[PDB]
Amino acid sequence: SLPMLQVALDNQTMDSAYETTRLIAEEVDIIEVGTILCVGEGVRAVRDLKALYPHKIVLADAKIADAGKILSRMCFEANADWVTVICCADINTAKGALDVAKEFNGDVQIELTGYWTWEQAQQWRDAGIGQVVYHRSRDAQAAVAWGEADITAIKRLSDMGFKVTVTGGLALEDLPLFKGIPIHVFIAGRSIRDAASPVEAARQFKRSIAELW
């Protein structure tokens, strides 16, 4: 269907996250427990947010790097729908997290950061991974803009059969760049949370997506 909209809750405490969710939870498709929230509060954040918003997809952005079975199970026992595994994890970390995900009718996304290869991407498909997150680092961005090499990479991932998420300092005005590509999800963190009107911001994203797709 259309690209879904995800809000990143990169907040240090639950109450800070709820300042955002109370404005926009019904304005989005996916609620992300950001890595910062995972580290701030632990998996209770996942459990609490799914209990509040059981009708939304809850993504635990844990960036699992090792111990795939243990960490995925902790997230899925807390009622996560989706979890993230970082691309530099061993392939068996990804496989282990996926095996657990399937027990809970959930899913695993590979977070694509810095160096990764097309040979790895094929490893992920062969393993039954069907989601990747094309994830521009904020620390790179604080220093890196979007460009054709990103678009080229995103199309190639999509062609390989991944459902592709696009994220990393995304702004409303960025959306037209990805026109024509079957983007699975766009994530907005700061550009929703920190807007003068978070509700207006989310609605602008959904409006633009509807228009472009």
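Rigid core (definition): largest C-alpha set, two forms, superposition within 1.5 Å. Counting begins at 1, following the sequence as shown.
- Of 67-75 and 106-114, the stretch whose C-alpha atoms sit farther from the shown form in 4 other deposited structures of this protein, after fitting on the rigid core, is 106-114.
- Structural divergence in 4 other deposited structures of this protein between 115-123 and 82-90: following superposition by the core, 115-123 has C-alpha atoms lying farther from the shown form.
- According to the entry, the deposited sequence places 1 to 3 unmodelled residues between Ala143 and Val144.
- Higher mean CA temperature factor between 69-77 and 105-113: 105-113, per the PDB entry.
- Annotation for 38-46 versus 172-180: the higher mean temperature factor (C-alpha) is found in 172-180.
- The maximum CA B-factor among the listed residues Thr84, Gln120, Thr93, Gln131, taken from the PDB record, is found at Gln120.
- The entry assigns its greatest Cα B factor, within the set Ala62, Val58, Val185, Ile151, to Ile151.
- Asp159: CA B factor lies in the highest third for its chain, per the PDB record.
- In this PDB entry, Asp10 carries a Cα temperature factor that places it within the lowest third of its chain's modelled residues.
- Per the deposited record, the Cα B-factor of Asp29 falls in the middle third when ranked against the other modelled residues of its chain.
- Sort the chain's modelled residues by C-alpha temperature factor and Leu23 lands in the middle third, per the entry.
- In the PDB entry, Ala17 places in the lowest third of its chain by CA B-factor.
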